[PDB]
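A.B. asks: Chains as they are written, first to last, in full-length UniProt numbering: chain A, 3868 to 4347, 4375 to 4546, 4558 to 4645; chain B, 2629 to 2758; chain C, 1543 to 1569, 1607 to 1987, 1996 to 2114, 2127 to 2387, 2410 to 2563.
Sharing a structure, written as structure tokens. Questions coming.
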Amino acid sequence: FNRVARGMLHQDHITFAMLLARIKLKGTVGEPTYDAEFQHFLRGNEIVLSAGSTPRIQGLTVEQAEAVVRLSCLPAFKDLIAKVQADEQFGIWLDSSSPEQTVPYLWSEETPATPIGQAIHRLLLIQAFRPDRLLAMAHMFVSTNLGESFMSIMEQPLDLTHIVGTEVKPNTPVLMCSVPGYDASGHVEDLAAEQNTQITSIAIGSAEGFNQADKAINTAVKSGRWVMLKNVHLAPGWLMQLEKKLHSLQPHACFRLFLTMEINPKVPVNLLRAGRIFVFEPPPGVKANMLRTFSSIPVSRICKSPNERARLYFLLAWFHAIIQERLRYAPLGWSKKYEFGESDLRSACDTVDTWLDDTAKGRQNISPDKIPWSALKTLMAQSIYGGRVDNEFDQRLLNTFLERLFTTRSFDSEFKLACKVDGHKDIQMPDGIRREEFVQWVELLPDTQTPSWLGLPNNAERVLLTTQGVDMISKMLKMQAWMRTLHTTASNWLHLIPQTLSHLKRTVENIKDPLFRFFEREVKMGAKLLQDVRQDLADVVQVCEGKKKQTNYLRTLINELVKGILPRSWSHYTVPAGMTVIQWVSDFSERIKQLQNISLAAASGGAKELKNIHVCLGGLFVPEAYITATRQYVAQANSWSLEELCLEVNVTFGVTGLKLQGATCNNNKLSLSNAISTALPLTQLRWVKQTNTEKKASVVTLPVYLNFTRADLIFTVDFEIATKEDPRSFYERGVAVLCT
Amino acid sequence: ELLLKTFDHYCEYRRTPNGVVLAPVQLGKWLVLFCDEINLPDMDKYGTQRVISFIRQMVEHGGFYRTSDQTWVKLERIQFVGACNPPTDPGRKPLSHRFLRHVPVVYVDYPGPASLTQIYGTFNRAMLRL
Amino acid sequence: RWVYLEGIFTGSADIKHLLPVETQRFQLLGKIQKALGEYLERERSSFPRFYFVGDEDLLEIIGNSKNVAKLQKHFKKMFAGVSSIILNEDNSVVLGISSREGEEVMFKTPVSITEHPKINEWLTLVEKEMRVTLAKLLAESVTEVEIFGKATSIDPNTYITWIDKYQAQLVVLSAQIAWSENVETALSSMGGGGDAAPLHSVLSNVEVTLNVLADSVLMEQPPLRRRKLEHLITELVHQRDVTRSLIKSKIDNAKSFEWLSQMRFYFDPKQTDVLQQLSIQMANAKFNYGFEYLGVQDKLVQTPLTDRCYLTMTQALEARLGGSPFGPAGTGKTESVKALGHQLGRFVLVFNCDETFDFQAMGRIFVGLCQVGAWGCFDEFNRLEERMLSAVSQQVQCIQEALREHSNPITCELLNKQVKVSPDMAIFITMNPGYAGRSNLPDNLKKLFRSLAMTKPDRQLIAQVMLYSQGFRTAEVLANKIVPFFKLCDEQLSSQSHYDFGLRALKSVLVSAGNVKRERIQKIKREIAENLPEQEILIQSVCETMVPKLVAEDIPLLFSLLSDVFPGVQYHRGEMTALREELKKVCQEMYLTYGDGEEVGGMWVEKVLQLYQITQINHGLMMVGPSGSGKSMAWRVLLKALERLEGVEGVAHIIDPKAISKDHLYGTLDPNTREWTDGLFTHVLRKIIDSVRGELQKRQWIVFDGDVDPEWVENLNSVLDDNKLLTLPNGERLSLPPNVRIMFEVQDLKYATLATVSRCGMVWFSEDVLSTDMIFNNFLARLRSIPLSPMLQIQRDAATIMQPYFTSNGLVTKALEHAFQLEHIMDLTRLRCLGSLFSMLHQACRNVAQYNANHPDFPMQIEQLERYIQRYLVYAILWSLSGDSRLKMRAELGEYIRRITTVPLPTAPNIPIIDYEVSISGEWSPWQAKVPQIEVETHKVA
Ligand SMILES: Nc1ncnc2c1ncn2[C@@H]1O[C@H](COP(=O)(O)OP(=O)(O)OP(=O)(O)O)[C@@H](O)[C@H]1O
Ligand SMILES: Nc1ncnc2c1ncn2[C@@H]1O[C@H](COP(=O)(O)OP(=O)(O)O)[C@@H](O)[C@H]1O
Ligand code: VO4
């Protein structure tokens, strides 16, 4: 397990542990094989049930009811339906933070099963009820099978020197596959320096790196010299040649050959077969990340000059880990998947060292309030970590974290690294002076890392955990005419898609109105798209009836439509990436229906009925055009200019279809809530004269995004907050507004 | 390069009196470069056929730029006729509306039933006379 | 090898005494060649800037020791701002250096050519004396500006005397030094002061000198002094803002980061002449000033982003890393990098990186940077191949290793050669993430550079400052109106491929606004006087730059936005009648239609005038419009009109980019011989620069008539931006002469990145611009002349006959629109059908000529001619608008023609018209009478 895990991704380790647990279970003495239970676990969704679903005491959702009725097929599980509705603490267990620790006894067994039997029973119950905790329960099952601390080696930082010197033969190359944003050249350079062995580092390319690499390899086999070839994934043919040459050299002992390369499918399979593979990723969890950072930093560099340096380095490592593994929750954490890596941490270390040495020349025990907090915060927010930050919201999040951590109050005793992780349990600042104190404090961190540590909501991992569990089950399971259909689908699509919508009448008085101009352009673009898609679908129907011939364009359209890929011609408005054709068609139908309603409203009134209508910004080609049109209409109504205008939104022009991501509004103020989304019914967009006055403390700026993928900012709303709330908490929680 | 080789082989004269001009050996005779399947040439990664751009340049501007001396060569007694297929034919790609301006298009369809009957009827009556 | 030595051993007289033993032993091969190369590299090592010059240029330079005037061209590319050197009357003693803008830096200590005859040594001494002279003049200027520092109510006359006394870079340096010293002294005086606020005196001094400059720029000023003033306001407004920020934040001591973060200068002429008097310092980053004559260049409005960029670049240089600004195009990357490289006063070379830069080229460039110590900004670095990015990661790691070795005359491994490395080195790579034609960077290289996100420049402050500097008294309100106007125009207008509303757009608008203001001042003076309406000047600039690229459905939107942002004022097009009469004359000479306003051919005249405007504003132009919109004629007629209106000839080279391989377009560099052969564009540019035939006195107009894709136009990013410079893999840098315009006649910019769209002023030639009646009139005018005298008369009276059928709403137009309503195998293009029709009518005239020749007696008469022509016209319409369609489409067009015509037609009711030809006598004869039922021979069948 350890040797294979050294060269495989962190997502797939749990599956390998599951398979090894199965192998150990089949190798036991007398305990039952539990083949039926594993069969139901691997494929439980495959069982088809038409109308047998029946909710009990309204305690199970549709998915939960389907799961429990599917799982009732197992003979020990015949009484699930009656037993769950006869239990009262089951409701408390369902919404428990960690139900994996305690699973109520529900399965009926004639004889007391072995503890592994109880473990697999609990695994089935967890899969049926709490798919989010499926990873935790699988971890518990692996623990009960292979013993505790079985896959605890993966948490420890990898020891390069011992593995290279013992587990690697000279002929076999050492392969360091690196995910994007990570490079293994630095670690092995440090290894070579530590061993005091001269090493040849060469980057592959330019047709001269090949000759240099060949010469270095020829010299190194008779001398024990180490050799590095960096970014060797751009010359696969030369890499075939390298494998063929390396198969037979019988080189000198202590000789090694390192091949730095990225993870792409264009690397040869035979080289991967013939070499030891090492994969470098962001370590999982804050604990392992702290451990890796502390191992990376030399001991001599810490505990040199003032004793506050160790606490500064611990704060730096905590900040680095927090921002590093917030990247996992990209839609809700950092809006973009940045590349906070090892160079960022090295630059942070260098700046901290230089500024601490400048602020304290020789003298130790510098006062906490004399450390250059402002210098470090600005350098970390504007030059090292903020350099890769593009949008202003991510920049303000980085400023929030830097101001929360890098401060004099961090040297107190009651300073909290995390505001709240359980609502009452707060991560306390370790009262350490020397490095080993902070290191051991890291090592006693509990194994219950929730996203609430990060500032993100506690329920920000449900979807990701369930997806990982489904992927784990799919991996484990993998381990063990179109013409008539297109005819039917095209007919159904043409049926559901409405007919062409009418334009808007161009009059002398309506042409001047900005709202009318915007709506005319909208309906014109919608009509063009509707006509194009309707004639394309009609052409598909005619061809699938066989009467019409085949065109290159028609061939391409059919080929990309049978696969569920949205045609590129139909992609005229901004859409979330990578949906199926059916979802796009439903969205288009809703958009065209709204456009027809707009046309009817304009027909009822040329201008008087164009202001008092409600528009869902989710379905609209260019929402910023709508915002600009409302601004222009308000500016033209009065004598006010466009610039002397600011937007104030009152949640009840009328705007519908908006949803808040984790905020409940009472009247117009905001209060933080644990709900994933909160609907905004009939928001009003009011433009008022700009007063050039600084906003109040309770006022915060929430971005408004078009869809779930926060990748297209529409406009920003300044919301006020209710009593006893902190705008910093709003910013760190990633509250936003979604049109879709 | 195909057209360049064709001109080098048949249009030897690359003479440059008061300007570089390209003409065939056989004086007093024009030259028709019958380019067949003109729309088969693949377009670049950015949707642009190179030889089509060359033809448009050497037809509209009436010449090209030779790579040997970067000098303008003007066509003399040279003309182009192409033969192609409908765009809906698989493997075919439409030409740029910029090239079409200098070349009129004529559509030749398959001979109709009566047309085939009469055309090959004459052939059969000629053959069976043996 | 042998041919090389044979060619190069028979040159000038003294050129052959350069290690002449090979010359005598020639008139073996490897030894001679390597000895010559060793001599070249020795001379290059003697004077580091020789690693920027070519080997042939260097050999000619050494051969031309006696003649110094012929050597006054390589100084432009050896140095940064040096373009000429001032010698004595006897051509023996150099007295100083002259920039290309006519600015002189007289050497404090002249050096004589006779007193050091070798080229390299006297060049080294003139470089050193230039640095020494700049240092001494900076010291004198700082001493002078001390007086303004310790005085209030300063005298404008002496202040302007100081400004035009010294060079521009020295003036800005003195201003910054004085401000830094004053603020440092004030902060030291405050110390732990509870209420002492003497820095308000510094703020008041900045205020009063800024007011003096504002008054001085409102009136007529000399050119160089005008630019010095513009720079000085740009710096002093930043100083004012920084001082206000310091006052608001209430900084007590000079060691606070709120003062340490901002760049501050430290001057002390006490130390020796090692040229270390200046100590430019960012946050804990100590920088020396590598005194070199930059000349007079533009200064950016140090904005909040331009500061963050300064901070990050200085930090990267402190860590001895490189800087990698990244973000959207036109966000101030290559100009901020350059502006910071000139703030420290160091030689900065910008290279436009493309995939043709091989490993040896990068190594040679890096060797030159090592020897000279000059900075390097590699524009569009990601445009290299990924393999080559990985390959040059090694060189970056070697060069940075030499800088890290300096920390412990340093040599680094660069192309199996050990080269001296100076600490002033810098390597910068600007890149555009997520853009077409760009390759991703390896993590190995990406960790060798420090990157920042230059995504959104602060255009409001950029505008307000550039204006305030121009002389607009309400610059604040103007910027507050124009920047939101741009941001609302970006949203309200329809998305188009040629639409650009970024910083490059705002910049072109504000420069045009300044020029318009100057012209209006001149016009008013031809009849102080500062009651101008500024809003209408801005409207004129916007309408002269933004309008020429709007589509026909966007102009109302833009004008409504302008009327809403600027309520109360409007601009009317300049008459330009002195050009319009010339346009009318030349259009008449070219059989093209001319009009004014709502006449026929009026929109086309508006577009050619807009093209003239863009020619005046931009140096790169781009014509976007459907094929057959009059783009080619617009610039042809404009060139022919300007060569008469102004008297300067205009020569246009038309190059098709995609026709030939880009290797032939730009050039090739064989990796073995390392010889550069000019491509097509490079050859033309070199011919223009080397005005042997007076090419610099002609209005050269290079036009790229083809398709724009992000592969070749990206090689022109450096020629179409402020750099006006062409950078080659050979290292050669070709400046764009001011009399050259790079044009691109395209039909669409769909396959183009925003980078090229941002430059090259857009002119949108809509299809409605060239009306069909104009095409008809062109044909008829060409028919009434250009004999295909007797033949000319046959064409004339034929045109007289066909005149009624070519009405704007005549038969041909209706037939054409109906044909566009039908279906064709290929998409119907108007100019294709019209070309076929015109060709067939020309053939009709040839048929008349043939018939007239065939019958010398009884010549073909007018009634017969009119019958024949009026039938051949219908025949031609049918065979031009439906020669590409299937049979029943031809029948449909024939039926439409029959029901909407008055020309006599065949009377048979069933057979379609197309089955009829037109006999030379003028009768609609059937075609089924020319199909003999022949009988093939019994052999050779099929
Ligand atoms: N003002 C005018 N009066 C009459 N005819 C004109 C005028 N301007 C252009 N034309 C005619 O229009 C036709 C096409 O013009 P031109 O070649 O300039 O178009 P274009 O858009 O540049 O075409 P392409 O993109 O294919 O190069 C020619 O027949 C030309 O003579
Ligand atoms: N602070 C500034 N003040 C004035 N003009 C500026 C400023 N920053 C950038 N510009 C102008 O904006 C344009 C940006 O060009 P450049 O920096 O080459 O673009 P890119 O960001 O793509 O490298 C130039 O015209 C430059 O002079
Ligand atoms: O980033 V650019 O200077 O090629 O527009």
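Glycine included, each C-beta is placed from N, C-alpha and C at the ideal position.
What does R2037/C reach in chain A if we use C-beta pairs closer than 9 Å?
C.D. replies: In the third sequence, the residue the question calls residue 2037/C occupies position 450. Residues of chain A passing the Cβ test: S4210, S4214, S4250, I4251, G4254.
A.B. asks: Could you pull the start and end residues of the alpha helix (DSSP H) that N4572/A belongs to?
C.D. replies: For the purposes of this step, residue 4572/A is taken as the residue at position 667 of the first sequence. No alpha helix (DSSP H) holds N4572/A; DSSP gives it neither H nor E.
A.B. asks: Would a check of beta-carbon distances place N4453/A closer than 8 Å to chain B?
C.D. replies: Locating residue 4453/A in the first sequence gives position 559, counting from the first residue. Not closer than 8 Å to any Cβ of chain B, the Cβ of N4453/A fails to qualify, so no.
A.B. asks: Starting from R2340/C, follow the beta strand (DSSP E) in both directions and report where the run begins and ends.
C.D. replies: Looking up residue 2340/C in the third sequence gives position 741. Taken as a continuous stretch (DSSP letters only), the beta strand (DSSP E) holding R2340/C covers 2339-2345.
A.B. asks: So is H2560/C buried or exposed if we call it buried at 16+ other beta carbons inside 10 Å?
C.D. replies: Taking the first residue of the third sequence as 1, we reach residue 2560/C at position 939. Label assigned to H2560/C: exposed.
A.B. asks: Taking the beta strand (DSSP E) that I4066/A falls in, what are its first and last residues?
C.D. replies: Position 199 of the first sequence, counting from 1, holds the residue named residue 4066/A. Here the beta strand (DSSP E) through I4066/A covers 4066-4070.
A.B. asks: Under the rule that 16 or more other beta-carbon atoms within 10 Å means buried, what is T2644/B, buried or exposed?
C.D. replies: On the second sequence, residue 2644/B is found 16 positions in, with the first residue counted as 1. Exposed.
A.B. asks: Note down, in chain order, every chain A residue with its Cβ under 8 Å from the Cβ of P2739/B.
C.D. replies: What you label residue 2739/B is simply residue 111 of the second sequence in a count that begins at 1. Ordered by position in chain A, no residue passes the 8 Å Cβ test against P2739/B, which lies about 19 Å from the chain.
A.B. asks: Answer yes or no: does any C-beta atom of chain B fall closer than 8 Å to that of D2306/C?
C.D. replies: Stepping through the third sequence from its first residue, residue 2306/C is reached at position 707. Closer than 8 Å: yes.
A.B. asks: Using 8 Å as the cut-off, can you tell me whether the region 1868-1887 of chain C makes contact with the region 2040-2052 of chain C, which would need three or more C-beta pairs spanning the two stretches below that distance?
C.D. replies: Result yes; three or more Cβ-Cβ pairs closer than 8 Å.
A.B. asks: Would you decide whether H3907/A is buried or exposed? Buried here means 16 or more other CB atoms lie within 10 Å of its CB.
C.D. replies: Mapped onto the first sequence, residue 3907/A falls at position 40. Per the 10 Å Cβ criterion, buried.
A.B. asks: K2074/C to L2156/C, Cα distance in whole Å?
C.D. replies: The residue labelled residue 2074/C in the question sits at position 487 within the third sequence. The residue labelled residue 2156/C in the question sits at position 557 within the third sequence. Their Cα atoms are separated by approximately 14 Å.
A.B. asks: How big is the Cα-Cα spacing for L2182/C and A2240/C?
C.D. replies: On the third sequence, position 583 is the one that residue 2182/C refers to. On the third sequence, position 641 is the one that residue 2240/C refers to. About 6 Å.
A.B. asks: Mapping DSSP to helix, strand and coil, what is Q2698/B?
C.D. replies: Numbered from its first residue, the second sequence carries residue 2698/B at position 70. Here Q2698/B sits in coil by DSSP.
A.B. asks: How big is the Cα-Cα spacing for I2127/C and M1798/C?
C.D. replies: For the purposes of this step, residue 2127/C is taken as residue 528 along the third sequence, with counting starting at 1. For the purposes of this step, residue 1798/C is taken as residue 219 along the third sequence, with counting starting at 1. The straight-line gap from Cα to Cα measures roughly 7 Å.
A.B. asks: Quick check on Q2346/C - is its C-beta less than 8 Å from some C-beta in chain B?
C.D. replies: Locating residue 2346/C in the third sequence gives position 747, counting from the first residue. Answer yes: the Cβ-Cβ gap between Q2346/C and chain B drops below 8 Å somewhere.
A.B. asks: By the criterion of Cβ-Cβ separation under 8 Å, what are the contact partners of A4529/A in chain C?
C.D. replies: What you label residue 4529/A is simply residue 635 of the first sequence in a count that begins at 1. Those within 8 Å of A4529/A in chain C are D2163.
A.B. asks: Grab me the residues of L4618/A's own chain with a C-beta within less than 8 Å of its C-beta, minus the 5 sequence neighbours each way, in chain order.
C.D. replies: The residue you call residue 4618/A lines up with position 713 of the first sequence. Contacts found: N4258, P4608, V4609, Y4610.
A.B. asks: Measuring only the C-alpha atoms, how far is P2029/C from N2019/C?
C.D. replies: Residue mapping note: residue 2029/C aligns to position 442 of the third sequence, counting from 1. Residue mapping note: residue 2019/C aligns to position 432 of the third sequence, counting from 1. Rounded to whole angstroms, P2029/C to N2019/C spans 15 Å at the Cα level.
A.B. asks: Quick one, are the C-beta atoms of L4124/A and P4239/A less than 8 Å apart?
C.D. replies: To locate residue 4124/A, count along the first sequence from 1; it is residue 257. To locate residue 4239/A, count along the first sequence from 1; it is residue 372. The answer is no: Cβ separation not under 8 Å.
A.B. asks: Answer yes or no: does any C-beta atom of chain A fall closer than 8 Å to that of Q1922/C?
C.D. replies: Stepping through the third sequence from its first residue, residue 1922/C is reached at position 343. Not an interface residue.
A.B. asks: Give the residues from the region 2257-2278 of chain C that approach chain B closer than 7 Å (Cβ to any Cβ), ordered along the chain.
C.D. replies: If the cut-off is 7 Å between Cβ atoms, the region 2257-2278 of chain C has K2257, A2258, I2259, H2263 near chain B.
A.B. asks: Does ligand 1 have a heavy atom nearer than 7 Å to the CB of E2344/C?
C.D. replies: In the third sequence, the residue the question calls residue 2344/C occupies position 745. Yes, the Cβ of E2344/C comes within 7 Å of a heavy atom of ligand 1.
A.B. asks: Mind reading off the beta-carbon distance from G1942/C to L2002/C? Whole number of angstroms is fine, and I expect it under 8 Å.
C.D. replies: Position 363 of the third sequence, counting from 1, holds the residue named residue 1942/C. Position 415 of the third sequence, counting from 1, holds the residue named residue 2002/C. Confirmed, about 4 Å.
A.B. asks: Starting from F2751/B, find everything on chain C with Cβ-Cβ shorter than 8 Å and list it in chain order.
C.D. replies: The count along the second sequence starts at 1 and reaches residue 2751/B at position 123. Ordered by position in chain C, the residues that pass the 8 Å Cβ test against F2751/B are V2557, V2562, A2563.
A.B. asks: Do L1638/C and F1629/C have their CB atoms nearer than 8 Å?
C.D. replies: As a position in the third sequence, residue 1638/C is number 59, starting the count at 1. As a position in the third sequence, residue 1629/C is number 50, starting the count at 1. Result no, Cβ atoms of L1638/C and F1629/C do not sit closer than 8 Å.
A.B. asks: Thinking just about the alpha-carbon of each residue, which of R4159/A, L3927/A, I3914/A is nearest to the one in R3997/A?
C.D. replies: Counting from one through the first sequence, the residue named residue 3997/A turns up at place 130. Taking only the C-alpha atoms, the option nearest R3997/A is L3927/A.
A.B. asks: Taking the Cβ atom as the reference point for each residue, do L2650/B and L2703/B lie within a distance shorter than 8 Å?
C.D. replies: To locate residue 2650/B, count along the second sequence from 1; it is residue 22. To locate residue 2703/B, count along the second sequence from 1; it is residue 75. Against a cut-off of 8 Å, the Cβ pair of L2703/B and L2650/B comes out as a contact.
A.B. asks: Please classify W4592/A: does DSSP put it in a helix, a strand, or coil?
C.D. replies: Locating residue 4592/A in the first sequence gives position 687, counting from the first residue. In this structure, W4592/A counts as strand in the three-state DSSP scheme.
A.B. asks: Cβ closer than 8 Å: which chain B residues qualify as neighbours of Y2350/C?
C.D. replies: Locating residue 2350/C in the third sequence gives position 751, where the first residue counts as 1. By Cβ distance, chain B contributes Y2674, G2675, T2676.
A.B. asks: Check the Cβ-Cβ distances between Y2735/B and every residue of chain C, and say whether any is below 8 Å.
C.D. replies: Against the second sequence, residue 2735/B aligns to sequence position 107. Taking Cβ atoms only, chain C reaches closer than 8 Å to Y2735/B, which makes this a yes.
A.B. asks: Output the distance between the C-alpha atoms of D2672/B and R1621/C, rounded to the nearest integer angstrom.
C.D. replies: Position 44 of the second sequence, counting from 1, holds the residue named residue 2672/B. Position 42 of the third sequence, counting from 1, holds the residue named residue 1621/C. Computed Cα separation, rounded: 47 Å.
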